[PDB]
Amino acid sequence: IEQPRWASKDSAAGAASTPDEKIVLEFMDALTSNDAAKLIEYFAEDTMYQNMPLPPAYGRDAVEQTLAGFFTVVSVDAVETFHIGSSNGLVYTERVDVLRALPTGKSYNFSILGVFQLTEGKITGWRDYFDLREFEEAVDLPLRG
C-alpha cells in the first residue's frame, strides 16, 4: 500500500525520537506475528485495549483473551505506519492495518488512528479508532457493540 498524499515527513515512523515512540513502533511490527502470547509481553498488568466504541478490555488477562480470540479468526497481514508522534504521555500512530479473515480469505484495509499510553515502557492503554462497518464482516466473532 502507497503513502497517502497527506503524509508528512516530519512525523514519519523512521523519525521516532523518544523511547515510547520506538516501543510502540516495535509493537506495530510485532502485530503481524498473530501471537497473543508474544504480544501480551508489551502490556502492563494495569492496562486496557479498545477498538472504539466496542467494549474495552481492562487488565492484562482480558487483553490477552481478546487478542487470542481475534487471532483465532483474523490474520494481521500488514501494518503500515504513516505517522508516529507523542504528547503529554500519549503516543499516536496514523496507520493502515491489512486484516485477512481466516474463514473466507477476504482482505480488508483499515485506516486507523491509534493512541497508546505507556508506563515505564509497558502499555497501560491502547485505543484504536477506525471504521467498523467492515470489521463486523472481517471478524467472525460477535462484536458485542
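All residue numbers are counted from 1 along the displayed sequence.
Relative to one another, 38-46 and 107-115 have unequal mean CA B-factors, and 38-46 is the one with the higher figure.
Among the modelled residues of its chain, residue 30 has a C-alpha B-factor that falls in the highest third according to the deposited record.
In the deposited entry, the Cα temperature factor of residue 80 sits in the top third of values across the chain's modelled residues.
Among the modelled residues of its chain, residue 97 has a C-alpha B-factor that falls in the middle third, as given in the PDB entry. In the PDB entry, residue 120 places in the highest third of its chain by CA B-factor.
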